[PDB]
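Read the structure below first, then the notes.
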Amino acid sequence: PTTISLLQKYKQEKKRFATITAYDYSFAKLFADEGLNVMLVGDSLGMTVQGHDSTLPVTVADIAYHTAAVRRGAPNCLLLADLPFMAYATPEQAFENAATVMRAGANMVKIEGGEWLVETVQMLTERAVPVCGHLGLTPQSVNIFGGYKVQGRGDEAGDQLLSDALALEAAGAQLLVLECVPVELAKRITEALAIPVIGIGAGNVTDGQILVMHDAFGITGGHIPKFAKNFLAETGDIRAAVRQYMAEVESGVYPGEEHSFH
Amino acid sequence: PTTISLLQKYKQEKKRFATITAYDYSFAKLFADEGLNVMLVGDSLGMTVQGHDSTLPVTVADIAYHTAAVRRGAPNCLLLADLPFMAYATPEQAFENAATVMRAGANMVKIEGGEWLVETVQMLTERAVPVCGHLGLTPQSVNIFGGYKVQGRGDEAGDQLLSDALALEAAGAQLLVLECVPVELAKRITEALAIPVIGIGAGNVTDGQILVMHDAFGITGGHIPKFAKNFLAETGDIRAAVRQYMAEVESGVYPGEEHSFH
Amino acid sequence: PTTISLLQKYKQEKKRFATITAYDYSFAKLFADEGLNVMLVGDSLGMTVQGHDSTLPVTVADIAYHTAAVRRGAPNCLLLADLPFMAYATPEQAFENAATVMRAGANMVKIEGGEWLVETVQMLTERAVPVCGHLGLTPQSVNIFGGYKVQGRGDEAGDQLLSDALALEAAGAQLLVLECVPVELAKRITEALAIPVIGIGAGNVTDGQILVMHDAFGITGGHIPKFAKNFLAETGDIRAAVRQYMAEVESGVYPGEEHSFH
Amino acid sequence: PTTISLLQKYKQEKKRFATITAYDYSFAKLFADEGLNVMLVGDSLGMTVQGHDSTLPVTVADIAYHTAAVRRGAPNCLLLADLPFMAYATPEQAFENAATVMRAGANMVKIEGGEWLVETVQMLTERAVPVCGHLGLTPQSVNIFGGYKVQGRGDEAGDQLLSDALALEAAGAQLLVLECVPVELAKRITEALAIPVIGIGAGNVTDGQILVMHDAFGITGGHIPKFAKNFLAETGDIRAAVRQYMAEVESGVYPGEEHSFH
Amino acid sequence: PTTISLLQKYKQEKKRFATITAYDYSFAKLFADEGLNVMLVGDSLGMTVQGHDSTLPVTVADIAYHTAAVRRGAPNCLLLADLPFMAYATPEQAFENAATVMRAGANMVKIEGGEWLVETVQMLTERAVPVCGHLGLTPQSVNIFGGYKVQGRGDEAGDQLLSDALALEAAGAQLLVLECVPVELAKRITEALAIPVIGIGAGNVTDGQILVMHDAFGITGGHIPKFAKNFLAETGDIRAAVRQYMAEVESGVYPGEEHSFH
Amino acid sequence: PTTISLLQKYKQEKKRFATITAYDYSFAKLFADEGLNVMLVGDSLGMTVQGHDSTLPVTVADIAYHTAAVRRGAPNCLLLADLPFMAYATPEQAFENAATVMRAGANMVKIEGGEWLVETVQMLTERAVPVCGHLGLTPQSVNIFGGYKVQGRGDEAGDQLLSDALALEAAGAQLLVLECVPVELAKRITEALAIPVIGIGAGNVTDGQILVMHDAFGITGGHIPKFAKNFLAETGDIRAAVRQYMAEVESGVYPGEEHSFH
Amino acid sequence: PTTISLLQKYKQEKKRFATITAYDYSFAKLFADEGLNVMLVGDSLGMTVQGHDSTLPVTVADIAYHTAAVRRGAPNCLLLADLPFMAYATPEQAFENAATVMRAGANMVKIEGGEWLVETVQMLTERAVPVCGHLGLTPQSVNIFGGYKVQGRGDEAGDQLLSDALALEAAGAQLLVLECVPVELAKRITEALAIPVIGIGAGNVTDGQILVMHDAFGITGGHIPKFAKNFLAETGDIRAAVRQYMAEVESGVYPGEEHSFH
Ligand SMILES: CC(C)(CO)C(=O)C(=O)O
Ligand SMILES: CC(C)(CO)C(=O)C(=O)O
Ligand SMILES: CC(C)(CO)C(=O)C(=O)O
Ligand SMILES: CC(C)(CO)C(=O)C(=O)O
Ligand SMILES: CC(C)(CO)C(=O)C(=O)O
Ligand SMILES: CC(C)(CO)C(=O)C(=O)O
Ligand SMILES: CC(C)(CO)C(=O)C(=O)O
Ligand SMILES: [Mg+2]
Ligand SMILES: [Mg+2]
Ligand SMILES: [Mg+2]
Ligand SMILES: [Mg+2]
Ligand SMILES: [Mg+2]
Ligand SMILES: [Mg+2]
Ligand SMILES: [Mg+2]
């Protein structure tokens, strides 16, 4: 079975690895059959699956529904499940909601934010729940930011994110997702932290990559995000698209400069 | 907004029309944007979405969840939603369950079965719920049949299906799905009924066609049903696949003889 | 306190009377202060208040909420409340749901449909619930009709509405709303029935009129229904618009030919 | 997957087949791995699992719990689940409770009783639920008869059982269990019915056999019933015991004369 | 009845004693009838009974269901019940969930972890709940560890486990389970603690032993843990297997070197 | 295990038998230990246990509570449980409430009333629920009668009770309680029925007797019912008192003339 | 109405007083009629009434049920009600559960334990709940002790109980139950405390006495506890037995040396 141990090993080897979102049996099974064995059941489903204009409406029950479907499709994958908006407002609530998504199939939970989470991370880890951190453009805070804007620009913002990343790691987070930050900051965080750092919109300097699968096969309409690539476009079939994604991540061909912020 | 009126116009014009399954915002919007504006939120999602070995586990709440998602994706489509297993066991229950899915965004409910449903259909239509019939291989009854097997062969079984189709029409059904029957029988039913008849594994003699989108884009693992076609394999991206499907249904190229039973 | 018996009087006197929808304290109080004393808490609120594309999502609790608010603003009005989509699917269900809106402040419930409702109307009236019928374009059935289309054209459809109107009356309906039918049919129904007939898109030949207040008093966007008139445009203030509406109904100036179907 | 189709085929070929009770993953998997592919999740669990002195306390939720566990262990088996005491008192209840156990993983429900069940069976099968009848000794009626004794002795009782068997088959039951009746009667019934008949305490003249697993491995201990055999003996191999049971049923040597009543 | 007082007496006399998991009436009764009077209703049932790939899905209500069953079969046994994943995340939750399993028939609750549980253990005991600790490989933490791996290797690890064992004893725990630890560490802890230490994968140096009964008595099959023994294979019948397990524990023949980690 | 079969044998031997009410473990155990093996968990507990001035407040849940307690005390007794006031108002409700008390440990349910119950009794018995009838002074109807009064005096009332007794027997009732009627009438009913008739206030002409145990040991204050006898008296031994009640029922000494109505 | 103030006066007077358990209307009224005016609705009902082998299954709802019944029988008695197992695990839970039994008719609540309870007792009394303490053999802790064993022997344990007693008093407890301790310890505690101490198995040195009514009339089977006396055997009837109990408590004849521990 694919474990957190394996990703830590890949970091020690400087072997860049691919990860992907998934929300149903069919895609989860397709990814697993191609050897893409790290999947995130993310509250991005609020948008790509449910059709809301933010991730805030997603509930813990919604995550648990999609987590079970993904687990059925990929019984041996490493499965990260988001805790959605206001599902980790106190350590007690975090314990309850983490347990719901883990009992539904997840191996790890992902929660958004910085140093305020330290206690929650320490206590979750102690209670058998592995935690993936999430910094930068954390979409649950879209209303605070006033939009989906690049974070971590400026010495002060950058320095806050570095210290948050170190705090989460010291609290026991075993992975970190870094979203839409300058590549120069992503490199600094990746070098500073012993745990694996998984980037989206953070350039090819991270230890791993994530993408929303709907951007990845041009299912999503309009212009895809700057940081995303349609791998279906130039393979012909979805399985081939998956394999191209895996190989470009490992070689560092993806993300390219065109997919990165500064 | 596409309505049942439009499909009745197409039957009168002998313009064969394509319809497709859909279970989320992203696919629903893609379909609508390409001009495919009849979608079924079917209990097939029990298999393709949830990963069960049959459609039986799918609940009314599941259908409602997926219905609301599809409706956000395709605000103007004609949206058919299945009533799942044991959700129409009595007229009263049918009323309540139909209402749930209609409030969630459906314009019509689809239910499986023949003559025994006549009272239910009459009453539903009085109560503002349009009904699509479903005859032939009705997958909710997979345990009765002992598998997914072709129905309607031989004069007795064929005559009964014709009888059932006319009965459902007389009860107020405004559409009918015929699944996995001889083309010959599909032709008789299509010519006998004034309402539009939508086929899947019924050949190209029906007024319209349906397929599960997961087979259409090659997502599903293994070898696809004889009656299905992977359109993504010949077109290369998903939107062009959708347009090829629309075109080939209209020209009668799909289903071909190879997709048909006798 | 305005009662059904006052309306019945007005018909005997051939005094045409105005009625209006209302969904909150402020407008209800404004209308009452102007002497517009017949209000409908209708499932139109699903669209004009809630913002859905149909009335179907409206619940009995929604109706009861608005009903209480309207009653607080207009303690002496004749208050009709709609039973919404699938809230009267059986007589038992109709009893429970009628009772909820009446306990919340309604004097009378309005239900949509023809002959199939006779038993329900008989039984409701027996159990102390006055009933207003609703024929023609009955908006809960929009999916059956395939849109908001004029009903009652041609001899058969006209004969069915006239017969349905007489059957609801015989069953104990004390009022009837007729919506979007030819004026000539509205005239025949109004003349055939002893109970008052309130028209909307039925021309000026009915005993009374109704309008959604958002259309009447200049709030609704784009092009209001063809049968509606903006009374605020040519009176300047909402109270004057209310008085003009009342006056023009009584004089038969509203609805005009421009607001009428044939 | 083993289906009702396959057992019907076995009857047509005169290939006697084994079936067994199961209530958890570990035993269901052991059985499936030996090719013993028909499993009964019966209310007998009330005694062997729960430890009550009767099956009456067993609930529909209990059956669904055990059903899901057996289905995990044996994904491809034909899984019969009992409806327990008072879970089929009306057709409407039978529909609800049958649906629960089938959604949890059953392929067919087993209900005890004769001719009074005909309507229920007819309506279940319409509504996609296969039914296994159960005649002879029917343990849910223990307080009626005041014990567990051999049924069908004498002409009147025997003729009544044959009549009930034919009536259940005519109503749509696709399988029948006969429990503790004379071999001669079991032969009459098996020969009269086109559907397969599965015996326990009915001798080797039936199409198939059932036993309680807890008796089959000497788990229960004490005096095992006359009709049962401990296959484990002193072999120290449960898998070998299962194989021996399957083989003795197929050859017709189990049940022996010593396990039979006249 | 068998009590904690008895096991404390056994440790004083240096009589090593056998304990076993049980989850139903039939096996509990069998074990009691052979004199094996200490039973654990463990969250191992998630895997052996329910068929999940981990213990995390097991609920408090599941534990309570199986506890009542075992108590029916073994009215006089000492009955330990696990609190499952996240059922003791705070003292208050531990109180509530412990009380549930104790009311259902347990004499004592087992919880996994070290120093962080001291306050919970202290408070549980004040509130009438005896506690069994559990150190070493604690299977609810499978996702933290990344698998089922041997714990306590090296100086820092072994010292920490000794410290935690003494800490749990001082907090009031009356028993300790030690799982998959080097034999030498198990001997250090066993000699340091006054309370009985029960081993699994800890060698024969503990005061007693535990195993999952499905592994021990031949149901799991060829793949049982390294530290387990199939006692049925060499004894022929399940009762004789139970007696052999009891005897070999007491003689120190089981566990052997082949079952032990260093 | 005492069964209805035994009582039926006793009638055939003309061996009169004692029965008693019980509502807790201790008295049930005491009774069982003396061989008083037929107990009623009666809605009389509304008065003797709960302290109400009538039995009407007793709920099904109350009966089930007391039933389980009596069953724990007397595992082998024949245990009748009353369905309380309005717990058998329709056959469907009777099935649900009977099931509840049978699952809690009852072998048979008792319900009050005559011919209007025929369908309920037929259907209960068909669904594995043995029924005891109850005629004469049926205390749930105290408000109808305007108190606790002797029933069946006069030809018309007497004839109706005889008709009712025969009707209930023919419907499938297996026992009948006859309460506070003329001895003369009790003799007719007893001779006319094949099933056993248990008297209270019916004289010594019935097949058996029942009393409220609180009257039977001079626990109840005031003057006890004319028909009751305090067997404890000044003997200082409740067990001796039980044996005396049993002995006097069988010899015919109790009830005496003094305890009888004419 | 008997109050706590009365018992405090009896302690000053050294007038030893009897108390008794009661769980129903009939015994409560009997006790009140004889002037035995202090009653405990104890969790002992778990054994004597419900038939469990310990008091742990008893719920707050059970206490409240029996509490209302006793209050109906004895409107003017001083009514103590136990908080059962884990009903006072935190102060906040104690408040809620104490209020439930007080609203049901209790005047005071009894809770088991020593110094750990001080905050709970202080806060309960502040919030209008009088508290009775309970030390020595506290039956909710049977699993901790390994049975029902005399407590307080030897100086360590004795001194600890005296300390706890004084601590509960200083916290606001208004009464104390002492159970199964040496007589000389009961004397030390009774003399050190200003509040009344009620003994059971504590000898005649306490200010009052408690007995389980089922032991007091020889209802309980077998050989009653050493500290109990069957008062009925020598008095003939239950009221005389109650009067003898009262008298022998006041004279100091009960408990005798034979009912005492050392
Ligand atoms: C896309 C990503 C990795 C960043 O928000 C995510 O967290 C999600 O899918 O929900
Ligand atoms: C595609 C079809 C018609 C197959 O039964 C369907 O109903 C579904 O998608 O659920
Ligand atoms: C608009 C009107 C009067 C007619 O549909 C109505 O019934 C409503 O407001 O809901
Ligand atoms: C084995 C059989 C058929 C006998 O009652 C059964 O029904 C059960 O296991 O519950
Ligand atoms: C397997 C064992 C004995 C050790 O983890 C256990 O705790 C369980 O059975 O759940
Ligand atoms: C004893 C009797 C017959 C009194 O009606 C009874 O039914 C009861 O105890 O509830
Ligand atoms: C009699 C006493 C005081 C002994 O525990 C008691 O608390 C009870 O009856 O529950
Ligand atoms: Mg996310
Ligand atoms: Mg479908
Ligand atoms: Mg309306
Ligand atoms: Mg069964
Ligand atoms: Mg465990
Ligand atoms: Mg009664
Ligand atoms: Mg107590």
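Simple scheme: letters A, B, ... for chains in structure tokens order, numbers from 1 for residues in each chain, numbers from 1 for ligands in the order shown.
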
Pick out the residues sitting within 12 Å of residue A:204, and hand them over as an mmCIF file with N, CA and C atoms, in the first residue's frame; count only C-alpha atoms, and ignore anything fewer than 2 positions along from it in its own chain.
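Output file out23.cif is given in full below:
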```cif
data_model
loop_
_atom_site.group_PDB
_atom_site.id
_atom_site.type_symbol
_atom_site.label_atom_id
_atom_site.label_comp_id
_atom_site.auth_asym_id
_atom_site.auth_seq_id
_atom_site.Cartn_x
_atom_site.Cartn_y
_atom_site.Cartn_z
ATOM 1 N N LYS A 15 13.446 12.448 -5.936
ATOM 2 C CA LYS A 15 12.557 11.899 -6.948
ATOM 3 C C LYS A 15 11.199 12.589 -6.859
ATOM 4 N N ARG A 16 10.959 13.540 -7.750
ATOM 5 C CA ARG A 16 9.712 14.293 -7.780
ATOM 6 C C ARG A 16 8.532 13.401 -8.141
ATOM 7 N N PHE A 17 7.440 13.533 -7.395
ATOM 8 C CA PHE A 17 6.276 12.675 -7.542
ATOM 9 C C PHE A 17 4.974 13.437 -7.810
ATOM 10 N N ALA A 18 4.056 12.751 -8.520
ATOM 11 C CA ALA A 18 2.804 13.326 -8.968
ATOM 12 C C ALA A 18 1.668 12.918 -8.056
ATOM 13 N N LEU A 178 1.621 23.516 -0.936
ATOM 14 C CA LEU A 178 1.942 24.920 -1.174
ATOM 15 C C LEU A 178 1.252 25.375 -2.469
ATOM 16 N N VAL A 181 2.181 30.498 -5.002
ATOM 17 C CA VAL A 181 3.173 31.350 -4.402
ATOM 18 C C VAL A 181 4.318 31.501 -5.403
ATOM 19 N N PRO A 182 5.143 32.537 -5.284
ATOM 20 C CA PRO A 182 6.316 32.676 -6.146
ATOM 21 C C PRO A 182 7.186 31.453 -6.050
ATOM 22 N N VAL A 183 7.796 31.065 -7.164
ATOM 23 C CA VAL A 183 8.633 29.869 -7.225
ATOM 24 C C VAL A 183 9.812 30.023 -6.274
ATOM 25 N N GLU A 184 10.292 31.255 -6.094
ATOM 26 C CA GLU A 184 11.421 31.534 -5.219
ATOM 27 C C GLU A 184 11.082 31.232 -3.775
ATOM 28 N N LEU A 185 9.839 31.530 -3.374
ATOM 29 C CA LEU A 185 9.366 31.155 -2.058
ATOM 30 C C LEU A 185 9.171 29.651 -1.921
ATOM 31 N N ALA A 186 8.648 28.991 -2.962
ATOM 32 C CA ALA A 186 8.446 27.549 -2.916
ATOM 33 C C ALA A 186 9.775 26.837 -2.733
ATOM 34 N N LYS A 187 10.790 27.317 -3.400
ATOM 35 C CA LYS A 187 12.122 26.710 -3.265
ATOM 36 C C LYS A 187 12.628 26.850 -1.814
ATOM 37 N N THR A 190 10.634 24.425 0.471
ATOM 38 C CA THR A 190 11.026 23.067 0.162
ATOM 39 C C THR A 190 12.399 22.721 0.780
ATOM 40 N N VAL A 197 7.045 18.610 0.368
ATOM 41 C CA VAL A 197 6.266 19.768 -0.018
ATOM 42 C C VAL A 197 5.716 19.506 -1.423
ATOM 43 N N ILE A 198 4.403 19.605 -1.521
ATOM 44 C CA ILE A 198 3.646 19.338 -2.745
ATOM 45 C C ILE A 198 3.086 20.648 -3.263
ATOM 46 N N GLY A 199 3.439 20.996 -4.489
ATOM 47 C CA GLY A 199 3.100 22.285 -5.067
ATOM 48 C C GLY A 199 1.963 22.219 -6.073
ATOM 49 N N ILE A 200 1.193 23.293 -6.115
ATOM 50 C CA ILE A 200 0.273 23.597 -7.208
ATOM 51 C C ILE A 200 0.340 25.130 -7.423
ATOM 52 N N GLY A 201 0.732 25.555 -8.603
ATOM 53 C CA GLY A 201 1.052 26.951 -8.795
ATOM 54 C C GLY A 201 2.284 27.412 -8.028
ATOM 55 N N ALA A 202 3.172 26.481 -7.697
ATOM 56 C CA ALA A 202 4.373 26.795 -6.930
ATOM 57 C C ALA A 202 5.653 26.435 -7.688
ATOM 58 N N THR A 206 9.245 22.164 -5.929
ATOM 59 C CA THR A 206 8.710 21.398 -4.821
ATOM 60 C C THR A 206 9.063 19.925 -5.000
ATOM 61 N N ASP A 207 8.848 19.170 -3.926
ATOM 62 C CA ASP A 207 9.073 17.714 -3.928
ATOM 63 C C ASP A 207 8.011 16.942 -4.724
ATOM 64 N N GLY A 208 6.805 17.471 -4.770
ATOM 65 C CA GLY A 208 5.736 16.856 -5.537
ATOM 66 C C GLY A 208 4.802 17.873 -6.128
ATOM 67 N N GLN A 209 3.831 17.374 -6.906
ATOM 68 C CA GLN A 209 2.865 18.209 -7.643
ATOM 69 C C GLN A 209 1.473 17.723 -7.415
ATOM 70 N N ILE A 210 0.522 18.650 -7.409
ATOM 71 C CA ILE A 210 -0.901 18.305 -7.445
ATOM 72 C C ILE A 210 -1.610 19.148 -8.507
ATOM 73 N N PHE A 227 -1.312 27.872 -14.040
ATOM 74 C CA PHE A 227 -0.438 26.846 -13.440
ATOM 75 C C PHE A 227 -0.777 25.426 -13.874
ATOM 76 N N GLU A 248 6.273 13.883 -16.733
ATOM 77 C CA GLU A 248 6.738 15.272 -16.768
ATOM 78 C C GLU A 248 6.994 15.829 -15.372
ATOM 79 N N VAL A 249 6.237 15.370 -14.378
ATOM 80 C CA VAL A 249 6.473 15.787 -13.004
ATOM 81 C C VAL A 249 7.858 15.310 -12.549
ATOM 82 N N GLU A 250 8.127 14.016 -12.778
ATOM 83 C CA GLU A 250 9.375 13.371 -12.366
ATOM 84 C C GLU A 250 10.595 13.949 -13.047
ATOM 85 N N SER A 251 10.468 14.341 -14.316
ATOM 86 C CA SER A 251 11.583 14.973 -15.023
ATOM 87 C C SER A 251 11.724 16.486 -14.744
ATOM 88 N N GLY A 252 10.706 17.086 -14.134
ATOM 89 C CA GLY A 252 10.679 18.520 -13.897
ATOM 90 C C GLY A 252 10.241 19.360 -15.086
ATOM 91 N N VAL A 253 9.830 18.695 -16.164
ATOM 92 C CA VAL A 253 9.272 19.360 -17.351
ATOM 93 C C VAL A 253 7.944 20.068 -17.009
ATOM 94 N N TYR A 254 7.189 19.494 -16.080
ATOM 95 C CA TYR A 254 5.999 20.144 -15.544
ATOM 96 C C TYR A 254 6.123 20.306 -14.029
ATOM 97 N N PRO A 255 5.784 21.475 -13.461
ATOM 98 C CA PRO A 255 5.401 22.693 -14.183
ATOM 99 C C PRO A 255 6.576 23.376 -14.846
ATOM 100 N N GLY A 256 6.321 24.031 -15.968
ATOM 101 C CA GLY A 256 7.331 24.808 -16.669
ATOM 102 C C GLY A 256 7.266 26.231 -16.182
ATOM 103 N N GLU A 257 8.125 27.083 -16.724
ATOM 104 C CA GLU A 257 8.091 28.499 -16.409
ATOM 105 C C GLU A 257 6.746 29.134 -16.742
ATOM 106 N N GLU A 258 6.133 28.741 -17.853
ATOM 107 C CA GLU A 258 4.826 29.272 -18.210
ATOM 108 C C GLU A 258 3.742 28.984 -17.168
ATOM 109 N N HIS A 259 3.999 28.000 -16.294
ATOM 110 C CA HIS A 259 3.046 27.579 -15.272
ATOM 111 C C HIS A 259 3.335 28.077 -13.860
ATOM 112 N N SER A 260 4.290 28.974 -13.733
ATOM 113 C CA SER A 260 4.854 29.390 -12.461
ATOM 114 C C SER A 260 4.656 30.888 -12.252
ATOM 115 N N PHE A 261 4.556 31.318 -10.991
ATOM 116 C CA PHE A 261 4.494 32.748 -10.651
ATOM 117 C C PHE A 261 5.829 33.251 -10.047
#
```

Close residues to ligand 7 using only C-alpha atoms and all ligand atoms, limit 10 Å, as JSON, numbers by chain: {"G": [19, 20, 21, 22, 23, 39, 40, 41, 42, 43, 44, 45, 46, 47, 48, 55, 80, 81, 82, 83, 84, 110, 111, 112, 133, 134, 135, 136, 137, 138, 139, 140, 176, 177, 178, 179, 180, 198, 199, 200, 201, 209, 210, 211, 212, 213]}

For a quick test of understanding: name the residues of chain C lying within 6 Å of chain B when counting only C-alpha atoms, and present them as a ChimeraX atom specification. /C:56-57,141,143-144,146

Output the selection as a PDB file, in the first residue's frame - C-alpha atoms for each residue.
```pdb
ATOM      1  CA  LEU C  56     -41.395  23.790  -7.277  1.00  0.00           C
ATOM      2  CA  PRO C  57     -38.728  24.220  -4.487  1.00  0.00           C
ATOM      3  CA  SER C 141     -47.104  21.921 -13.688  1.00  0.00           C
ATOM      4  CA  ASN C 143     -42.585  20.781 -16.563  1.00  0.00           C
ATOM      5  CA  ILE C 144     -45.721  18.962 -17.791  1.00  0.00           C
ATOM      6  CA  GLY C 146     -43.107  22.354 -21.218  1.00  0.00           C
TER       7      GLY C 146
END
```

Exercise: residue C:168 partners within 9 Å, only C-alpha atoms, chain neighbours under 3 positions left out, as a list in words: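 Listing them by chain and then by number gives residues 114, 115, 117, 118, 121, 122, 132, 133, 163, 164, 165, 171, 172, 173, 174 and 176 of chain C.
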
Let's have the selection written as an mmCIF file, in the first residue's frame, with N, CA, C and O atoms.
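Output file again.cif follows:
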```cif
data_model
loop_
_atom_site.group_PDB
_atom_site.id
_atom_site.type_symbol
_atom_site.label_atom_id
_atom_site.label_comp_id
_atom_site.auth_asym_id
_atom_site.auth_seq_id
_atom_site.Cartn_x
_atom_site.Cartn_y
_atom_site.Cartn_z
ATOM 1 N N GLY C 114 -57.500 20.212 -11.599
ATOM 2 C CA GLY C 114 -58.877 20.019 -12.064
ATOM 3 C C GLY C 114 -59.588 18.888 -11.336
ATOM 4 O O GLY C 114 -59.477 18.749 -10.113
ATOM 5 N N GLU C 115 -60.273 18.040 -12.100
ATOM 6 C CA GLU C 115 -61.162 17.024 -11.546
ATOM 7 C C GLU C 115 -60.536 16.064 -10.545
ATOM 8 O O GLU C 115 -61.218 15.593 -9.614
ATOM 9 N N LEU C 117 -58.840 16.578 -8.076
ATOM 10 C CA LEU C 117 -58.913 17.191 -6.747
ATOM 11 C C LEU C 117 -60.251 17.203 -6.025
ATOM 12 O O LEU C 117 -60.314 17.635 -4.864
ATOM 13 N N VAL C 118 -61.317 16.793 -6.701
ATOM 14 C CA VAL C 118 -62.639 16.868 -6.163
ATOM 15 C C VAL C 118 -62.697 16.263 -4.775
ATOM 16 O O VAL C 118 -63.142 16.925 -3.861
ATOM 17 N N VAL C 121 -60.866 18.447 -2.229
ATOM 18 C CA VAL C 121 -61.615 19.684 -1.961
ATOM 19 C C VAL C 121 -62.828 19.367 -1.022
ATOM 20 O O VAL C 121 -63.056 20.072 -0.050
ATOM 21 N N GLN C 122 -63.577 18.322 -1.321
ATOM 22 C CA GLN C 122 -64.760 17.940 -0.523
ATOM 23 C C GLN C 122 -64.351 17.725 0.914
ATOM 24 O O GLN C 122 -64.963 18.243 1.851
ATOM 25 N N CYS C 132 -59.588 27.622 -2.302
ATOM 26 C CA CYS C 132 -59.548 28.310 -3.587
ATOM 27 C C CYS C 132 -58.942 27.388 -4.661
ATOM 28 O O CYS C 132 -57.832 26.861 -4.497
ATOM 29 N N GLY C 133 -59.687 27.116 -5.717
ATOM 30 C CA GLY C 133 -59.190 26.392 -6.862
ATOM 31 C C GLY C 133 -58.247 27.231 -7.717
ATOM 32 O O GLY C 133 -58.149 28.448 -7.552
ATOM 33 N N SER C 163 -65.505 22.488 -17.136
ATOM 34 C CA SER C 163 -66.082 21.366 -16.423
ATOM 35 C C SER C 163 -65.362 21.145 -15.125
ATOM 36 O O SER C 163 -65.973 20.827 -14.080
ATOM 37 N N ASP C 164 -64.040 21.321 -15.174
ATOM 38 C CA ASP C 164 -63.227 21.259 -13.970
ATOM 39 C C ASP C 164 -63.616 22.354 -12.993
ATOM 40 O O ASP C 164 -63.699 22.083 -11.808
ATOM 41 N N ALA C 165 -63.870 23.570 -13.502
ATOM 42 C CA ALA C 165 -64.236 24.725 -12.692
ATOM 43 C C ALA C 165 -65.577 24.412 -12.002
ATOM 44 O O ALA C 165 -65.721 24.611 -10.807
ATOM 45 N N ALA C 171 -67.672 20.626 -5.469
ATOM 46 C CA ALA C 171 -66.927 19.958 -4.402
ATOM 47 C C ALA C 171 -66.786 20.835 -3.166
ATOM 48 O O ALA C 171 -66.386 20.356 -2.125
ATOM 49 N N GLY C 172 -67.042 22.127 -3.304
ATOM 50 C CA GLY C 172 -66.977 23.075 -2.202
ATOM 51 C C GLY C 172 -65.948 24.194 -2.303
ATOM 52 O O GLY C 172 -65.843 24.995 -1.394
ATOM 53 N N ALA C 173 -65.191 24.282 -3.392
ATOM 54 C CA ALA C 173 -64.339 25.465 -3.586
ATOM 55 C C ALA C 173 -65.168 26.788 -3.506
ATOM 56 O O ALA C 173 -66.267 26.912 -4.109
ATOM 57 N N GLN C 174 -64.692 27.733 -2.699
ATOM 58 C CA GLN C 174 -65.384 29.018 -2.526
ATOM 59 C C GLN C 174 -64.837 30.158 -3.404
ATOM 60 O O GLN C 174 -65.459 31.194 -3.499
ATOM 61 N N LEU C 176 -62.080 30.722 -7.173
ATOM 62 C CA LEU C 176 -61.288 30.106 -8.227
ATOM 63 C C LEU C 176 -60.362 31.140 -8.827
ATOM 64 O O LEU C 176 -60.803 32.214 -9.225
#
```
